[PDB]
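Chemist: The structure file work_0.pdb (PDB, C-alpha atoms (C1' of nucleotides)) is provided below.
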ATOM      1  CA  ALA A   6      72.736 143.208  53.641
ATOM      2  CA  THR A   7      75.887 142.915  51.544
ATOM      3  CA  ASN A   8      75.078 142.230  47.891
ATOM      4  CA  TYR A   9      76.832 142.064  44.521
ATOM      5  CA  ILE A  10      75.501 141.097  41.084
ATOM      6  CA  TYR A  11      78.682 140.223  39.206
ATOM      7  CA  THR A  12      78.080 140.988  35.528
ATOM      8  CA  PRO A  13      80.318 140.940  32.418
ATOM      9  CA  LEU A  14      82.574 143.986  32.628
ATOM     10  CA  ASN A  15      81.292 145.444  29.349
ATOM     11  CA  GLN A  16      78.010 146.293  31.089
ATOM     12  CA  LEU A  17      79.888 148.664  33.442
ATOM     13  CA  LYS A  18      79.057 151.954  31.768
ATOM     14  CA  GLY A  19      80.272 155.406  32.703
ATOM     15  CA  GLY A  20      79.005 156.938  35.923
ATOM     16  CA  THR A  21      77.989 153.564  37.366
ATOM     17  CA  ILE A  22      79.280 152.493  40.789
ATOM     18  CA  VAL A  23      79.824 148.753  40.662
ATOM     19  CA  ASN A  24      80.964 145.575  42.413
ATOM     20  CA  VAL A  25      83.159 143.434  40.160
ATOM     21  CA  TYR A  26      85.582 140.504  39.802
ATOM     22  CA  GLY A  27      88.468 139.654  37.495
ATOM     23  CA  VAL A  28      92.027 138.508  36.924
ATOM     24  CA  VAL A  29      94.648 141.225  36.471
ATOM     25  CA  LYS A  30      95.837 140.838  32.879
ATOM     26  CA  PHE A  31      98.326 143.699  33.255
ATOM     27  CA  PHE A  32      99.070 146.371  35.827
ATOM     28  CA  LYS A  33     101.569 149.096  36.655
ATOM     29  CA  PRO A  34     102.806 149.546  40.245
ATOM     30  CA  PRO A  35     101.849 152.845  41.915
ATOM     31  CA  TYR A  36     103.685 155.764  40.300
ATOM     32  CA  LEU A  37     103.327 159.508  40.838
ATOM     33  CA  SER A  38     101.278 161.160  38.103
ATOM     34  CA  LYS A  39     101.343 164.838  37.188
ATOM     35  CA  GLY A  40      98.647 165.258  39.819
ATOM     36  CA  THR A  41      99.336 164.848  43.526
ATOM     37  CA  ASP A  42      98.191 161.209  43.620
ATOM     38  CA  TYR A  43     100.207 158.135  42.707
ATOM     39  CA  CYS A  44      98.327 156.403  39.894
ATOM     40  CA  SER A  45      98.254 152.610  39.645
ATOM     41  CA  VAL A  46      97.046 151.258  36.294
ATOM     42  CA  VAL A  47      95.286 147.884  36.152
ATOM     43  CA  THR A  48      93.807 145.885  33.263
ATOM     44  CA  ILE A  49      91.342 143.268  34.513
ATOM     45  CA  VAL A  50      89.467 140.458  32.765
ATOM     46  CA  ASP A  51      86.508 138.356  33.891
ATOM     47  CA  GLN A  52      85.552 134.736  33.228
ATOM     48  CA  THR A  53      83.893 135.767  29.942
ATOM     49  CA  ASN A  54      87.237 137.247  28.756
ATOM     50  CA  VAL A  55      85.692 140.747  28.765
ATOM     51  CA  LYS A  56      88.020 143.556  29.831
ATOM     52  CA  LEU A  57      88.042 146.676  31.991
ATOM     53  CA  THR A  58      90.701 149.288  32.734
ATOM     54  CA  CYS A  59      91.076 150.764  36.206
ATOM     55  CA  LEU A  60      93.033 153.846  37.279
ATOM     56  CA  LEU A  61      93.529 153.668  41.048
ATOM     57  CA  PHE A  62      94.712 157.023  42.423
ATOM     58  CA  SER A  63      96.268 157.533  45.856
ATOM     59  CA  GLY A  64      98.796 159.784  47.557
ATOM     60  CA  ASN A  65     100.691 156.668  48.650
ATOM     61  CA  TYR A  66     100.922 152.960  47.906
ATOM     62  CA  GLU A  67      99.383 151.467  51.042
ATOM     63  CA  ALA A  68      95.966 152.986  50.368
ATOM     64  CA  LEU A  69      95.696 151.132  47.038
ATOM     65  CA  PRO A  70      94.643 147.489  46.491
ATOM     66  CA  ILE A  71      97.354 144.898  47.094
ATOM     67  CA  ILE A  72      98.547 143.309  43.823
ATOM     68  CA  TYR A  73     101.947 141.828  42.935
TER      69      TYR A  73
ATOM     70  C1'  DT B   1      92.964 167.536  37.568
ATOM     71  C1'  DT B   2      96.626 163.804  36.492
ATOM     72  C1'  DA B   3      96.154 159.428  33.221
ATOM     73  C1'  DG B   4      93.614 156.734  30.448
ATOM     74  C1'  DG B   5      99.388 149.479  29.286
ATOM     75  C1'  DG B   6     103.430 148.186  25.367
ATOM     76  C1'  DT B   7     110.125 149.135  25.563
ATOM     77  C1'  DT B   8     115.868 152.882  26.293
ATOM     78  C1'  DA B   9     119.688 154.038  23.991
ATOM     79  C1'  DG B  10     121.150 155.314  30.271
TER      80       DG B  10
END
Could you quickly redo this structure as structure tokens?
Modeler:
Amino acid sequence: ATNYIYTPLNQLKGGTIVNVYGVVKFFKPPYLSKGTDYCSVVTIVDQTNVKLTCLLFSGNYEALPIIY
DNA sequence: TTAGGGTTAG
């Protein structure tokens, strides 16, 4: 069954595959990086004010999460 | 792989 243990973002260590929640404190719209994939940058914050950065890579915009 | 948020001088 579907499950998610939302936990303060600081606990999300490298190599871990996680299910999370947060407000977007800052983000860049999808832009083409040196690589082949457009990179969208997102800074997210949870209810405990803890932060996480996300780099969302895709060859196009539509494949990425929808944020405005 | 890249990038991995913060002012151009147009």
Chemist: Excluding same-chain residues fewer than 4 positions from region 53-60 of chain A, what lies within 8 Å of it counting all atoms listed in the file, as a ChimeraX atom specification?
Modeler: /A:13-15,44-49 /B:3-4
Chemist: Given the file shown, enumerate the residues that the PyMOL selection byres ((chain A and resi 34) around 12) captures and present them as a ChimeraX atom specification.
Modeler: /A:31-33,35-38,43-48,60-63,65-67,69-73 /B:5
Chemist: Taking the file above as input, evaluate the PyMOL selection byres ((chain B and resi 1) around 9) and report the hits as a JSON list (two decimals) with C-alpha atoms (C1' of nucleotides), keeping the file's coordinate frame.
Modeler:
[["chain", "number", "residue", "atom", "x", "y", "z"],
["A", 39, "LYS", "CA", 101.34, 164.84, 37.19],
["A", 40, "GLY", "CA", 98.65, 165.26, 39.82],
["B", 2, "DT", "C1'", 96.63, 163.80, 36.49]]
Chemist: One decimal, Å: what's the distance from CA of residue 19 (chain A) over to CA of residue 51 (chain A), could you say?
Modeler: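 These atoms are spaced 18.2 Å apart.
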Chemist: One number please: CA of residue 9 (chain A) to CA of residue 26 (chain A), in Å, one decimal.
Modeler: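 Rounded to one decimal, the two atoms are 10.1 Å apart.
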Chemist: Measure the distance from CA of residue 68 (chain A) to CA of residue 17 (chain A) in Å and round it to one decimal.
Modeler: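 For CA of residue 68 (chain A) relative to CA of residue 17 (chain A), the distance reads 23.7 Å.
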